[PDB]
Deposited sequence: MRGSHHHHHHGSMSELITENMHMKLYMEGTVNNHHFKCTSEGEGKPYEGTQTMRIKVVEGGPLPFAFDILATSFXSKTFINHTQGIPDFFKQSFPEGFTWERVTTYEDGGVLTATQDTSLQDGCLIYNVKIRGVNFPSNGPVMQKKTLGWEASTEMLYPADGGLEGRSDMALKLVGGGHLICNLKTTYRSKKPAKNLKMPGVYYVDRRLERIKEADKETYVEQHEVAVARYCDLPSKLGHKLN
């Protein structure tokens, strides 16, 4: 795991009985928590749903773990790790995602599968009325020799409001427990910004900055 790393991603899934597929490539600085991802919809494009709901399904290795906080993600290599997530929108939609992360010849390989159901046909997501995410904080705590994450996020809406969702994630290392220095309870602050898009969201460029921390309060 080096100062500059590349990544290839592979996504496929169904949102409201709408099948799609994506690929992407990107590079970032794993230790400064920055990363960039250039994505294509290679099937099912253009998508009938806001592309913003797939944003979080595109990289746990690019999180700055300062304060010598034990990095569960960088330690998991070369075996890699997996994550699972159920995202729950306050308006009904539910998006489950299962992901595999492997290192292949100095290159991170992501394999993502998505399944979203019960998204309201008149809501901002299916009407494509969304404008990107606000920054967010995730809280990670050890559980079952792995990590769990909890997060709330706010999706800016067209016309002013926010649509809120809640994230439940599970991170599992493929590396044996004994090799892993497990972290305490900690928090990730991050900001995910859409930097570019074209062709009705069949091309998107994403950037993310992500910094870890304990609580600095007394």
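Gaps in the model relative to the deposited sequence occur at 1-16, 75, 236-243, listed in sequence order.
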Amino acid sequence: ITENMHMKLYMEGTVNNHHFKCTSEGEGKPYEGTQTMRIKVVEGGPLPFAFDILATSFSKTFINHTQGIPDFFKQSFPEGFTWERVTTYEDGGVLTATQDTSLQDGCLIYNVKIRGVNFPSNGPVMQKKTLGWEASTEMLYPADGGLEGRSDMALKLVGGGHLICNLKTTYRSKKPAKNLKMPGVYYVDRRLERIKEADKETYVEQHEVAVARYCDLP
From here on, numbers count along this sequence of modelled residues.
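The PDB entry reports B-factors from which the mean C-alpha value can be compared for 134-142 and 101-109; the larger average falls on 101-109.
Legend: mean Cα B-factor per stretch from the PDB entry, 91-99 versus 71-79; the higher mean is in 71-79.
Per the deposited record, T34 carries the highest C-alpha B-factor of all listed residues (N166, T169, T34, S57).
Among the modelled residues of its chain, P46 has a C-alpha B-factor that falls in the highest third, as given in the PDB entry.
Residue-level temperature factors show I39 in the middle third of its chain, judged at the C-alpha atom.
Sorting the modelled residues of the chain by their CA temperature factor places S24 in the lowest third. Annotation for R191: CA B-factor lies in the middle third of the chain's modelled residues. Annotation for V158: CA B-factor lies in the highest third of the chain's modelled residues.
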